[PDB]
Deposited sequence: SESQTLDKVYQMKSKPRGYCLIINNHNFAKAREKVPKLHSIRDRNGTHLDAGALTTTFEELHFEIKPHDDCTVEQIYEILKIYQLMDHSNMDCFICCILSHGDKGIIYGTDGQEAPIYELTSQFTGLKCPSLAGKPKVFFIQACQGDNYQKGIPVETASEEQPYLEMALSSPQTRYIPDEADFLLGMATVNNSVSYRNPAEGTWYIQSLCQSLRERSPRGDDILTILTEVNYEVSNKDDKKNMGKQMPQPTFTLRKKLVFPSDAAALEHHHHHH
């Protein structure tokens, strides 16, 4: 029973990346000649703003991002001085694939190339602090070989909905994020299942009290 240093104001930045218009994708990329536009994402996005502002993160959201657009966004936060922070969360809501994420231009960012941005050897002020990634797909490893990491990855063809509901619910009760994820795993299987993989050293909780 060790718990991460959740308590601060604010606790961290909650990156929300929220791609929707894959128009240039439908144009510039052949194999994605007919890729639907991920409308309805705002319900996921709005909930992600809702739950995580309540848990004392300052949401910094971006909509419709290229891979280049996605990539430069994270350097802003890799190079940022996180010393005053306690945690770091990044949500990505886009079309998915096996181990990669699609930008609105139809190009690809591997899940390992995004997570690996925030190491200790790359983001030192955010060392020993938990670094969380929630991703929801649609239709090598995924994490640096380092501690203090969580990847809530899923693949659609509602995950973010139930994840929010269990966060709003369980967090003021003092349940940890792993407890929440098992509850989220059950809350969808009745099987495009999410596979949480992590390297976190200690318990991670988002206290509302």
- Stretches with no C-alpha atoms in the model, relative to the deposited sequence starting at 1: 1-6, 146-173, 192-203, 237-244, 264-274
